[PDB]
Amino acid sequence: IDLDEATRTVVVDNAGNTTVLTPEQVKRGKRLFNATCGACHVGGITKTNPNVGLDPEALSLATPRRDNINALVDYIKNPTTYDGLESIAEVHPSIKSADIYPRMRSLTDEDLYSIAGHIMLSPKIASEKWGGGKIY
Amino acid sequence: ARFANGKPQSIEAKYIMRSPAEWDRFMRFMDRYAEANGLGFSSXXXXXXX
Amino acid sequence: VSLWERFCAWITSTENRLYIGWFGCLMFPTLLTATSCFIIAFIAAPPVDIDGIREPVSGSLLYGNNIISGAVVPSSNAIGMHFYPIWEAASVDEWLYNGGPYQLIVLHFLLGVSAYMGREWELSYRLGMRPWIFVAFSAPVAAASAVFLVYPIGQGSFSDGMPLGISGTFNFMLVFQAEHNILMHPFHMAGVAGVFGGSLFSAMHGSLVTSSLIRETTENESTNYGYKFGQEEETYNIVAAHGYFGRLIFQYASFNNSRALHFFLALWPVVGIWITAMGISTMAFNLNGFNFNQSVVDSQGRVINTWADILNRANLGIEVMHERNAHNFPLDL
Amino acid sequence: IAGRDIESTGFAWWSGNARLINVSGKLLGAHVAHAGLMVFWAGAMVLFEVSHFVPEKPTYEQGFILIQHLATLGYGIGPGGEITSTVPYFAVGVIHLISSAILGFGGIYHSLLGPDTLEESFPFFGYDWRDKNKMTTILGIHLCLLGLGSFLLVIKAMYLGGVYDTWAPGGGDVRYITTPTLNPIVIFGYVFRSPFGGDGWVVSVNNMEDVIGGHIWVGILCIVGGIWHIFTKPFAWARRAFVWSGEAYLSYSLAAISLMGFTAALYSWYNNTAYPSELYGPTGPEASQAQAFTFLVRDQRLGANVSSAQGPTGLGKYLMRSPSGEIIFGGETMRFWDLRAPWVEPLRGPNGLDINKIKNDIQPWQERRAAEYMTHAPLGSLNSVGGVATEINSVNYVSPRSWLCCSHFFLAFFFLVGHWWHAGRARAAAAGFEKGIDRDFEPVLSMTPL
Amino acid sequence: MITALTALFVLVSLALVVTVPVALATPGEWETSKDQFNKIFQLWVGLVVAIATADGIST
Amino acid sequence: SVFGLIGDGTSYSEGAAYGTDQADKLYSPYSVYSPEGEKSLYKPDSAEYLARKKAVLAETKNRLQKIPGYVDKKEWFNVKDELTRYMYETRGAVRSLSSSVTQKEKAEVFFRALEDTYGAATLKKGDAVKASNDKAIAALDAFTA
Amino acid sequence: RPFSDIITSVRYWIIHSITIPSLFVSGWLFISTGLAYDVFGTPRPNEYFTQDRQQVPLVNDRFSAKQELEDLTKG
Amino acid sequence: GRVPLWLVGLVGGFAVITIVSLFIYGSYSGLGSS
Amino acid sequence: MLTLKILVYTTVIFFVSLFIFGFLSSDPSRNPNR
Amino acid sequence: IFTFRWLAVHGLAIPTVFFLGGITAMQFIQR
Amino acid sequence: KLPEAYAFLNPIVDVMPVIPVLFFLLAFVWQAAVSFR
Ligand code: CLA
Ligand code: CLA
Ligand SMILES: CC1=C(/C=C/C(C)=C/C=C/C(C)=C/C=C/C=C(C)/C=C/C=C(C)/C=C/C2=C(C)CCCC2(C)C)C(C)(C)CCC1
Ligand SMILES: CC1=C(/C=C/C(C)=C/C=C/C(C)=C/C=C/C=C(C)/C=C/C=C(C)/C=C/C2=C(C)CCCC2(C)C)C(C)(C)CCC1
Ligand code: OEX
Ligand SMILES: [Cl-]
Ligand SMILES: [Fe+2]
């Protein structure tokens with residue numbers, strides 16, 4: 001089995017529209033995610049706050065929905081709590097807190113799009129370990 | 001315990017009594033070695049002269 | 001003739017049944033107190049809390065233990081790396097509750113073995129022989145120091161040292177595997193190679209020497225009786241043994257300068273044990289062995305397990321179970 | 001070739017450098033060339049790290065080992081441990097490279113064309129391994145050089161731009177140490193204190209004032225000792241306990257340097273003052289304290305009454321009491337209660353961890369620092385997988401503290417072994433039975449039976 | 001210019017390092033060819049000073 | 001099959017090649033060794049972080065006027081803790097906000113005053129601490145420019 | 001004849017510069033052409049799973065192992 | 001005895017160093033590199 | 001328990017001084033050959 | 001020429017070179 | 001990253017740090033050249 005066209009299609013928006021990630025995008029993401037996100041979100045789990053995981057099920061229950069590329073990209077632009085009552089940009093990496101966190105001082109849009117695509121795509125490949133944890 | 005401490009003397013008694021043992025040794029050692037100033041052997045680890 | 005002189009002389013005498021020497025002045029009292037405390041504690045030491053969670057563990061014979069399960073439990077985790085002599089406790093009972101005897105015994109044992117090395121060298125000097133046996137003995141001393149002192153220093157607590165017992169030793173080894181992956185560390189591999197090679201070379205050298213023994217005894221008398229203490233000629237034929245060894249494997253491949261052979265015999269296990277003690281010391285500061293977890297990936301991206309992943313599975317099984325009540329947070333730092 | 005063959009010398013090719021024991025000029029050439037090698041490595045590695053530098057990541061994540069030292073000296077570093085520019089590091093690297101070229105040429109010249117023995121032509125640089133006055137003179141000269149170097153460090157920290165201080169008000173930054181502590185009692189309290197937990201023999205220096213004062217004292221002591229050894233001659237008591245030969249001096253140096261290597265290895269693993277966590281990453285205990293702190297904060301946000309929740313063992317899972325009574329973080333990290341970090345001190349009162357400060361006056365930057373330190377603990381593998389041994393390999397990080405400590409501990413022990421070997425051989429050779437027994441004067445046969 | 005200037009410096013340093021070790025060894029070779037080596041040493045230090053002057057000025 | 005010679009005799013790969021040090025087209029990998037780019041997209045140097053810095057300075061003031069009250073009582077740990085817990089962001093904020101030479105020089109003066117306050121508080125000398133706090137107040141309320 | 005004499009012989013290297021590289025290139029082409037996958041039955045990186053089965057293809061019977069493997073290794 | 005022993009020794013050392021180096025480069029780019 | 005500390009501090013300095021002054025008493029001269 | 005040695009040596013060396021060539025090709029065969 | 005002037009000369013720096021190790025070996029190759037006299 002390959003990383004074919006069927007398995008590279010992910011939700012792009014709330015509606016449900018589904019775009020396709022080019023293989024280059026996949027690579028760049030896996031790189032960017034491992035370089036910046038990996039230290040705390042290795043394996044699709046949140047190391048500091050294990051309750052708020054990164055698996056698609058938890059993203060589906062966040063407020064608002066975080067199970068599509070657009071909402072993940074917006075979350076990077078402007079992060080909120082699990083219920084979305086207030087912003088936690090001062091305690092989470094974000095473009096809004098670019099001054100606080102120097103890592104994002106260079107990230108571009110495509111970079112964010114590729115990172116979100118990787119986050120969306122990895123549970124389609126592994127399908128049980130993205131956010132699973134030790135057990136799996 | 002973790003109170004830093006010069007050496008570990010906490011009570012003047014402890015220092016004043018760790019004293020006589022070392023001084024006793026110094027005296028017994030001086031008993032053999034006394035009035036020595038010269039006698040330079042000038043050889044590789046000889047120290048033959050007593 | 002002074003008194004000091006007379007003493008110094010008796011001390012460095014080479015006609016005493018056991019050589020005392022100046023290093024003996026440190027070796028004898030220290031080892032004697034260590035062994036006295038160890039013998040008493042192995043019989044009548046009360047339970048000790050090792051994880052500092054008020055869950056004492058019994059390790060004494062009089063507390064329902066046998067020789068294998070019994071041990072001298074290391075000091076409490078609450079103490080950590082702090083010095084805990086007898087006089088710092090408010091009572092002897094409390095000193096026993098927090099595992100002070102472990103600290104006493106281990107510190108004295110380390111000083112004693114260092115002084116033992118020194119005494120070996122000192123007697124070598126007195127007898128006019130070449131002074132490098134204590135260099136060979138350094139390897140077990142280094143291993144003992146790494147397992148008893150360096151690892152607690154790196155981890156930050158004396159509760160992480162090896163308990164003085166059989167089942168305690170096995171527990172220490174298993175937890176070390178779980179938290180550090182000792183097997184996949186090249187220095188442990190070097191140590192296993194050194195020990196296996198030491199056994200191999202010992203057995204082969206003994207077989208080759210005993211096989212080629214000059215016929216100087218009957219059949220109804222121990223072959224060992226042919227040799228007489230203080231001989232002037234070799235009781236064995238080097239030529240026959242070398243011929244057999246060369247015909248067995250290869251002609252080029254063979255040692256002739258028996259001196260080179262014995263030097264190699266000394267060199268192999270010693271360097272193996274040195275490298276192993278360095279593995280333990282390096283891993284005391286969290287430089288673990290190779291982690292080949294999920295290294296093989298198919299085209300799609302799914303992970304294909306190797307033999308290393310089953311090792312990781314066993315390590316997880318050991319890890320989630322060791323010190324069940326001690327942990328409160330997800331990471332073991 | 002007279003001096004370079006197992007016949008003329010008696011030393012095999014593998015132990016070939018021992019042929020230079022009695023050759024003065026060639027030994028000097030070897031020493032100088034080796035120093036040139038050291039300088040070359042320093043410059044080359046600095047240039048390598050500057051090349052592979054990435055401004056996004058902190059230095060302790062890039063696997064760097066030398067930029068941290070020059071940053072601690074106060075070169076191209078801003079408040080909070082941010083790196084501004086990497087030009088001074090490049091300058092240091094190139095200067096070291098050029099100096100290494102010069103030193104290497106000098107070593108080669110003295111080893112190849114220089115006179116074999118310096119005693120005949122230059123009766124000022126020639127020695128004998130056996131006279132004590134010249135040995136002490138050389139020792140005193142180099143001791144004065146070392147004292148001048150310690151002075152130079154003090155001068156750099158006091159009047160040449162200052163040094164980086166983590167405990168500085170408002171965060172870590174470069175400052176001038178105006179008032180170093182000169183009290184002999186406080187300075188030598190480090191030297192004469194216990195090496196066990198809670199004491200930290202020389203590793204437990206806290207503020208920069210103590211560092212500067214200790215360096216002033218070391219420089220003064222070294223200058224005085226260097227002057228004193230130059231003028232005087234070894235006394236009677238030291239003249240009959242020491243073996244006076246080149247290999248004996250080498251063995252003494254080996255023992256001393258093994259002790260120094262052990263000290264530096266354990267010093268890089270525990271110290272926050274001369275090894276700021278913003279550059280070397282958090283220490284062993286620091287990561288554990290950071291984990292406990294961040295989970296305490298997270299559970300406090302939910303509304304749980306911290307310092308009132310009994311742990312699974314009934315001991316308290318957030319706040320405990322130290323065996324001395326101080327209030328500390330609970331869990332397995334109670335072994336690390338001796339920790340003192342710049343981001344946790346604001347919360348500490350005279351009684352320990354203040355509770356009113358924790359409940360009310362918490363800061364977001366402390367949360368970020370604790371999360372970053374927990375996410376970057378000194379854990380790793382030989383292939384630098386990072387994290388716990390059971391973790392999958394996605395991150396790529398091993399803390400420089402682990403590298404430094406492990407490497408220098410290994411080197412220190414092997415230099416202790418070198419001390420053992422060389423001390424034994426030097427004493428045997430001085431006595432005169434380093435080659436065999438005798439076979440006609442065997443001392444065992446002249447001693448009483450037993 | 002700097003980039004080039006240094007390039008040269010690297011080339012001349014390579015030419016010097018490949019030939020100095022061979023000289024010293026080969027008995028006698030040294031003395032006879034001392035003045036050319038001195039001239040090349042002066043060229044080397046001049047190149048270093050020129051590179052330093054470039055940078056400085058250019059900053 | 002599917003070879004992968006050091007990015008010179010094959011191709012990229014959804015994951016296998018590493019020699020690359022390029023082969024991405026996205027744009028400039030800052031350096032041949034950095035996945036990230038240069039500072040020319042998204043975050044801007046001075047968007048609206050200056051407002052946050054000014055707020056940090058105002059609250060730094062508010063923190064620093066309660067030091068004389070803490071030194072009037074013989075409490076020294078509180079002085080150090082107050083001077084380090086929230087002033088932590090203030091060093092970087094003041095350094096970044098300063099752009100002219102006068103601001104730089106007198107921010108240096110303010111840092112000197114704060115360091116003197118810290119040292120005197122450690123040495124437990126009330127007069128020196130009070131004078132240093134007064135000088136720090138003067139510099140800081142003369143900084144708002 | 002001792003090893004070193006043979007190793008230093010020129011007529012040895014004139015028969016060890018047309019034999020060794022050819023053998024090395026043949027070993028390279030053994031898997032460059034993908035023959036080794038078919039000879040030993042090991043799966044290629046894209047043959048571990050198929051569209052029909054998404055789990056590990058284990059053998060459960062003994063005397064019908066041939067057919068079972070033939071089926072599993074269908075696609 | 002035409003070719004000196006240490007020359008062929010050096011050539012063999014270069015070959016083996018090359019092969020072993022190609023192995024680590026691989027531990028890094030391709031199968032098994034994750 | 002201060003008495004116990006005193007007695008141990010004596011024993012320790014006792015034996016340590018014995019060691020230090022035993023090795024200072026012209027030990028290299030003590031040897032088979034002279 | 002074909003002494004037992006030549007034989008044993010070649011029977012051990014030919015597969016070794018074959019396998020080394022094969023293993024090198026693999027180091028490139030990248031997923 | 002190196003200053004823009006020396007980014008061209010970067011590849012030499014990429015190999016410079018590992019030089020010393022080779023010096024060591026040179027000793028061994030030099031000894032081999034003289035027949036491990
Ligand atoms: C840092 C390591 C080091 C150093 C400085 C030395 C130094 C020395 N060794 Mg030596 N040695 C070493 C490691 C080292 N060794 C090792 C590891 C071994 C074990 C294999 C030996 C084994 C050994 C033996 C067996 C002998 C020496 C001898 C000597 C001395 C004379 C060497 C000689 O005549 O060279 C002759 C060699 C050459 C002329 C060829 C080398 C060409 C040059 C020097 C190489 C470097 C060039 C450099 C890269 C160019 C830089 C130029 C600069 C301007 C930039 C000399 C003092 C000899 C001795 O005792 O002297 C009395 C001797 O017999 N050594
Ligand atoms: C400053 C430190 C220092 C100095 C100046 C010396 C000096 C000397 N030592 Mg020595 N030694 C030292 C430290 C030192 N030692 C240490 C720390 C140890 C403990 C391991 C020893 C153990 C030792 C022994 C056992 C012997 C000496 C001997 C000697 C003499 C001849 C050595 C020689 O020709 O080297 C020759 C050098 C070599 C052959 C190089 C060997 C390379 C080693 C084995 C591997 C190095 C691995 C390296 C870390 C990384 C490898 C990289 C690789 C993977 C590419 C000479 C006086 C000999 C003697 O008695 O002479 C009188 C002797 O027999 N030394
Ligand atoms: C005796 C002997 C020996 C030894 C030797 C020695 C030890 C030597 C050394 C040497 C050395 C130690 C050398 C060095 C050199 C250096 C150099 C030569 C440098 C150069 C530099 C440069 C060229 C630079 C450049 C640059 C710049 C300027 C900028 C940036 C870029 C670059 C970096 C490029 C041996 C063992 C071999 C053998 C036996 C004998
Ligand atoms: C810098 C600094 C510091 C320091 C300072 C000081 C001041 C130091 C010093 C140091 C010292 C002050 C040291 C000393 C040491 C000593 C020793 C180490 C000794 C030894 C001895 C010996 C080894 C002997 C031997 C012997 C014997 C025993 C017997 C007889 C014989 C003989 C003689 C051989 C501090 C930490 C504060 C802080 C930071 C900075
Ligand atoms: O004590 Mn013994 O084992 Ca070293 O990790 Mn943490 O602590 Mn406990 O857990 Mn895992
Ligand atoms: Cl915990
Ligand atoms: Fe034997």
# chains A, B, ... in the order shown; residues from 1 in each chain; ligands from 1

$ residues_around --residues "residue 378 in chain D" --least-positions-apart "6" --cutoff "10 Å" --atoms "only C-alpha atoms" --output "ChimeraX atom specification"
/C:285-287,333 /D:269,280-287,386-388,397-403

$ interface_residues --of "chain C" --to "chain G" --cutoff "8 Å" --atoms "only C-alpha atoms" --output "PyMOL selection string"
chain C and resi 297-300

$ residues_around --residues "range 39-52 of chain E" --least-positions-apart "5" --cutoff "7 Å" --atoms "only C-alpha atoms" --output "PyMOL selection string"
chain E and resi 2+5-6+9

$ residues_near_ligand --ligand "ligand 6" --cutoff "7 Å" --atoms "only C-alpha atoms and all ligand atoms" --output "number ranges by chain"
C: 326-329; D: 292, 330-333

$ residues_near_ligand --ligand "ligand 7" --cutoff "9 Å" --atoms "only C-alpha atoms and all ligand atoms" --output "MDAnalysis selection string"
chainID C and resid 205:206 209 258 261:262

$ residues_near_ligand --ligand "ligand 4" --cutoff "6 Å" --atoms "only C-alpha atoms and all ligand atoms" --output "PyMOL selection string"
(chain D and resi 187-188+190-191+202+205+210-211+214-215+217-218) or (chain I and resi 20+23-24)

$ select_by_dssp --residues "chain A" --states "alpha helix (DSSP H)" --output "VMD selection string"
chain A and resid 23 to 32 38 to 41 56 to 60 69 to 77 109 to 125

$ write_last_selection --atoms "N, CA and C atoms" --output "compact mmCIF listing (two decimals), in the first residue's frame"
# COMPACT_ATOMS: atom_id res chain seq x y z
N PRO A 23 2.49 15.53 -1.76
CA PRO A 23 3.49 14.82 -0.94
C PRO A 23 4.50 15.74 -0.31
N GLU A 24 4.85 16.81 -1.02
CA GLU A 24 5.79 17.78 -0.48
C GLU A 24 5.23 18.35 0.79
N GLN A 25 3.94 18.66 0.77
CA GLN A 25 3.33 19.25 1.94
C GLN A 25 3.51 18.30 3.09
N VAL A 26 3.20 17.03 2.87
CA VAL A 26 3.32 16.05 3.93
C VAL A 26 4.70 16.10 4.56
N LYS A 27 5.74 16.00 3.74
CA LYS A 27 7.10 16.04 4.24
C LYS A 27 7.35 17.29 5.06
N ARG A 28 7.09 18.45 4.47
CA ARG A 28 7.38 19.68 5.18
C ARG A 28 6.68 19.70 6.53
N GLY A 29 5.44 19.25 6.58
CA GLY A 29 4.72 19.21 7.83
C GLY A 29 5.46 18.35 8.82
N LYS A 30 5.57 17.07 8.51
CA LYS A 30 6.23 16.16 9.42
C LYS A 30 7.51 16.77 9.95
N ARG A 31 8.22 17.51 9.10
CA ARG A 31 9.42 18.17 9.58
C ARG A 31 9.08 19.30 10.53
N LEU A 32 8.26 20.23 10.08
CA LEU A 32 7.94 21.39 10.91
C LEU A 32 7.29 20.98 12.22
N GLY A 38 6.86 18.93 18.25
CA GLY A 38 7.15 17.58 18.68
C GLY A 38 7.47 17.46 20.16
N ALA A 39 8.23 18.43 20.69
CA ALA A 39 8.72 18.34 22.06
C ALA A 39 7.59 18.12 23.06
N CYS A 40 6.42 18.72 22.81
CA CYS A 40 5.29 18.59 23.71
C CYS A 40 4.15 17.76 23.14
N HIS A 41 4.02 17.65 21.82
CA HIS A 41 2.93 16.93 21.20
C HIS A 41 3.40 15.69 20.44
N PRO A 56 -8.12 13.11 16.62
CA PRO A 56 -9.29 13.72 15.97
C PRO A 56 -10.54 13.74 16.83
N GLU A 57 -10.72 12.75 17.70
CA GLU A 57 -11.91 12.72 18.54
C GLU A 57 -11.97 13.92 19.46
N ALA A 58 -10.85 14.25 20.11
CA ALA A 58 -10.83 15.40 21.01
C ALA A 58 -11.00 16.71 20.24
N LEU A 59 -10.38 16.81 19.06
CA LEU A 59 -10.57 17.99 18.23
C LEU A 59 -12.03 18.15 17.83
N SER A 60 -12.74 17.04 17.64
CA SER A 60 -14.15 17.10 17.28
C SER A 60 -15.02 17.62 18.42
N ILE A 69 -8.70 21.66 8.72
CA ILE A 69 -7.46 22.42 8.56
C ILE A 69 -7.68 23.88 8.93
N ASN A 70 -8.80 24.46 8.50
CA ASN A 70 -9.02 25.89 8.71
C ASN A 70 -9.06 26.25 10.19
N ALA A 71 -9.76 25.44 11.00
CA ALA A 71 -9.84 25.76 12.43
C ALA A 71 -8.50 25.57 13.12
N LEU A 72 -7.72 24.57 12.72
CA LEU A 72 -6.38 24.41 13.28
C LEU A 72 -5.50 25.60 12.94
N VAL A 73 -5.57 26.07 11.70
CA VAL A 73 -4.77 27.22 11.28
C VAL A 73 -5.20 28.46 12.05
N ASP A 74 -6.51 28.65 12.23
CA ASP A 74 -6.99 29.78 13.02
C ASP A 74 -6.55 29.66 14.48
N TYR A 75 -6.57 28.44 15.02
CA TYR A 75 -6.12 28.21 16.39
C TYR A 75 -4.66 28.61 16.55
N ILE A 76 -3.83 28.29 15.56
CA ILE A 76 -2.46 28.76 15.59
C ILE A 76 -2.42 30.28 15.52
N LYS A 77 -3.24 30.88 14.66
CA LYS A 77 -3.32 32.33 14.62
C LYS A 77 -3.83 32.89 15.94
N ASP A 109 2.39 31.05 6.13
CA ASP A 109 1.06 30.48 6.00
C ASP A 109 1.15 29.05 5.53
N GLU A 110 1.89 28.83 4.46
CA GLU A 110 2.00 27.49 3.93
C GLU A 110 2.51 26.60 5.04
N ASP A 111 3.45 27.11 5.81
CA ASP A 111 3.96 26.33 6.93
C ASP A 111 2.83 25.91 7.86
N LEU A 112 1.95 26.85 8.21
CA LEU A 112 0.82 26.53 9.06
C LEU A 112 -0.12 25.55 8.38
N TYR A 113 -0.36 25.75 7.08
CA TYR A 113 -1.23 24.84 6.34
C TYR A 113 -0.66 23.43 6.33
N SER A 114 0.65 23.29 6.13
CA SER A 114 1.27 21.97 6.12
C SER A 114 1.24 21.33 7.50
N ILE A 115 1.47 22.11 8.55
CA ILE A 115 1.43 21.56 9.91
C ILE A 115 0.02 21.05 10.22
N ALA A 116 -0.99 21.86 9.89
CA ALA A 116 -2.37 21.43 10.11
C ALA A 116 -2.70 20.20 9.28
N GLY A 117 -2.22 20.15 8.04
CA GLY A 117 -2.44 18.98 7.21
C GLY A 117 -1.81 17.73 7.80
N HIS A 118 -0.60 17.86 8.35
CA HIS A 118 0.03 16.72 8.99
C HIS A 118 -0.77 16.25 10.20
N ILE A 119 -1.25 17.20 11.01
CA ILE A 119 -2.05 16.85 12.18
C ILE A 119 -3.33 16.13 11.75
N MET A 120 -3.93 16.57 10.64
CA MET A 120 -5.15 15.93 10.16
C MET A 120 -4.86 14.56 9.56
N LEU A 121 -3.71 14.41 8.91
CA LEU A 121 -3.45 13.23 8.09
C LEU A 121 -2.92 12.07 8.92
N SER A 122 -2.09 12.35 9.92
CA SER A 122 -1.48 11.27 10.69
C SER A 122 -2.49 10.31 11.31
N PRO A 123 -3.61 10.75 11.89
CA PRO A 123 -4.61 9.78 12.36
C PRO A 123 -5.27 8.99 11.24
N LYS A 124 -5.20 9.45 9.99
CA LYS A 124 -5.72 8.63 8.90
C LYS A 124 -4.76 7.50 8.55
N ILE A 125 -3.47 7.69 8.80
CA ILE A 125 -2.50 6.63 8.55
C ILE A 125 -2.44 5.66 9.73

$ residues_near_ligand --ligand "ligand 2" --cutoff "6 Å" --atoms "only C-alpha atoms and all ligand atoms" --output "MDAnalysis selection string"
chainID D and resid 14:18 414:415 417:418

$ write_last_selection --atoms "C-alpha atoms" --output "short mmCIF file (atom, residue, chain, number, x, y, z; two decimals), in the first residue's frame"
data_model
loop_
_atom_site.label_atom_id
_atom_site.label_comp_id
_atom_site.auth_asym_id
_atom_site.auth_seq_id
_atom_site.Cartn_x
_atom_site.Cartn_y
_atom_site.Cartn_z
CA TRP D 14 53.36 1.09 20.66
CA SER D 15 54.87 2.56 23.83
CA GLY D 16 57.04 4.79 21.69
CA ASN D 17 56.53 8.17 23.34
CA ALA D 18 58.37 6.91 26.43
CA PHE D 414 40.47 6.80 32.96
CA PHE D 415 42.91 9.46 34.11
CA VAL D 417 43.59 4.69 36.09
CA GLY D 418 46.49 6.43 34.38
#

$ residues_around --residues "residue 5 in chain B" --least-positions-apart "6" --cutoff "10 Å" --atoms "only C-alpha atoms" --output "PyMOL selection string"
chain D and resi 189-190+192-194+199

$ interface_residues --of "chain F" --to "chain H" --cutoff "6 Å" --atoms "only C-alpha atoms" --output "tab-separated table (two decimals) with N, CA and C atoms, in the first residue's frame"
chain	number	residue	atom	x	y	z
F	16	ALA	N	12.30	9.58	3.52
F	16	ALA	CA	13.40	8.64	3.46
F	16	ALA	C	14.68	9.42	3.27
F	17	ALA	N	14.71	10.28	2.27
F	17	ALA	CA	15.91	11.04	1.99
F	17	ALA	C	16.16	12.06	3.08
F	18	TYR	N	17.42	12.33	3.39
F	18	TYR	CA	17.74	13.35	4.38
F	18	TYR	C	18.89	14.21	3.89

$ residues_near_ligand --ligand "ligand 1" --cutoff "7 Å" --atoms "only C-alpha atoms and all ligand atoms" --output "ChimeraX atom specification"
/D:3-5,12-20,26-27,29-31,33-34,101,104-105,108,111-112 /E:16-18,20-21,25 /K:23-24,27-28,30-31

$ residues_near_ligand --ligand "ligand 5" --cutoff "9 Å" --atoms "only C-alpha atoms and all ligand atoms" --output "VMD selection string"
(chain C and resid 50 to 51 77 152 155 to 161 172 175 to 176 178 to 180 319 322 to 323 326 to 327 331 to 333) or (chain D and resid 332 to 333)
